[PDB]
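Taken one at a time, structure 1 and structure 2 that follow are two forms of one protein chain, written as structure tokens.
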Structure 1
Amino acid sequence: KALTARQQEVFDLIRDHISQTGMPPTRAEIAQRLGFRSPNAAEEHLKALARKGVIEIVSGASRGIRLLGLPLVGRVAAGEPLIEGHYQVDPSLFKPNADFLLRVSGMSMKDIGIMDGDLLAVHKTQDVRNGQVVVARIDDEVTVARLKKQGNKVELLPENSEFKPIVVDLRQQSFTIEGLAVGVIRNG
């Protein structure tokens, strides 16, 4: 259930007042700021927002208004055959901004510091140039490699002396660019 034009204005004010004072507004402060002659107008507006499920009202407590990271969506193949959890990491820490994370499975990207078990930061896009590290999907198998497209022939280059490049023909195999690899997180 979406908020009304005036309910959104109250929600926006609460968000602004917390940002400006460091504490939620009182019903009298909401009324004063929005132009209500009665604090009850603010009260019943808060009850509606609580019913919509955007705020929580702590009963009895003064200024008792509660306003209600990068997701690990699975595994990416780095040589070895193929939603899980949330990690509180800043998205704008990468260039371009990371949208999701994939747990790397394999050692094909060893030489560039991408290891088996690493959390690969990925920016959701289909636009990737050659030479860039891409997260590509071949017949329902998500794979990480360095991109080299030549029309109907697509080479997926590894960063390992032991691993061979995966050659894909689009005329007989399904291919989807999932995104661009923008960074790596290791935790154990």
Structure 2
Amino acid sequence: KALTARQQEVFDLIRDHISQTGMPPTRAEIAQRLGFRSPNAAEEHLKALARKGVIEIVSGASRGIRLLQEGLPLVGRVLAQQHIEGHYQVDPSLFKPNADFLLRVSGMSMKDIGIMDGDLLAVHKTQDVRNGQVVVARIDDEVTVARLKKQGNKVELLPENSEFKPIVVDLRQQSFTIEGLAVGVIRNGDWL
């Protein structure tokens, strides 16, 4: 049930038209737009999308294309797990650089820089991170958030708190994946 190259276009094209002109496109509009000389090319490109279950075609209704598949989500506890947990319509282009997901922080390791137990962490899904940055790493399937400081094979993860000590790692006898870069924080306690 995977989308082809040209089928991805059509579906991306519908999303645009609905988002741009507030209404779904006609077959002839899809053809026109993409370059087909036959509206039937759109028809079958649509019929397929309906079978691969990404759209719903309404019989008779002009512009009767309803999208189906359809804001940054939080993972909760474990860096991405299919397909938990929450769904929150936040601005991704609010952080620098753009956030991809949220992680529910756990513990007071990064206290001294305003990262508290229970915060929602804004993270960028990348692997190129540099020294001194704040990062989400996964030491043996165990997701952790700290300040990075690598030296070849010796990777040091520092906490922002004086009661916590550096977590030293050696990739030669431990698995270690960078989940992403910490770009911002969102707190939503309803505390009294």
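Throughout, residue numbering runs from 1 along the sequence of structure 1. Residues that one form lacks are left out of the comparison. Throughout, rigid core stands for the largest set of C-alpha atoms superposing within 1.5 Å between the two forms.
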Superposing on the rigid core, which residue among 119, 147, 142, 31 shifts its Cα by at least 2 Å between structures 1 and 2?
31
Core-aligned, does residue 174 move its Cα 2 Å or more between structures 1 and 2?
no
Is residue 159 one of the residues whose C-alpha moves 2 Å or more between structures 1 and 2 after the core fit?
no
Aligning on the rigid core, do we see the C-alpha of residue 128 shift 2 angstroms or more between structures 1 and 2?
no
Looking at residue 93, what is the CA displacement between structures 1 and 2 after core superposition, in angstrom?
0.4
Okay, core lined up, where does the chain shift between structures 1 and 2, counting runs of 3 or more residues with each Cα at least 2 Å away?
1-68, 74-76
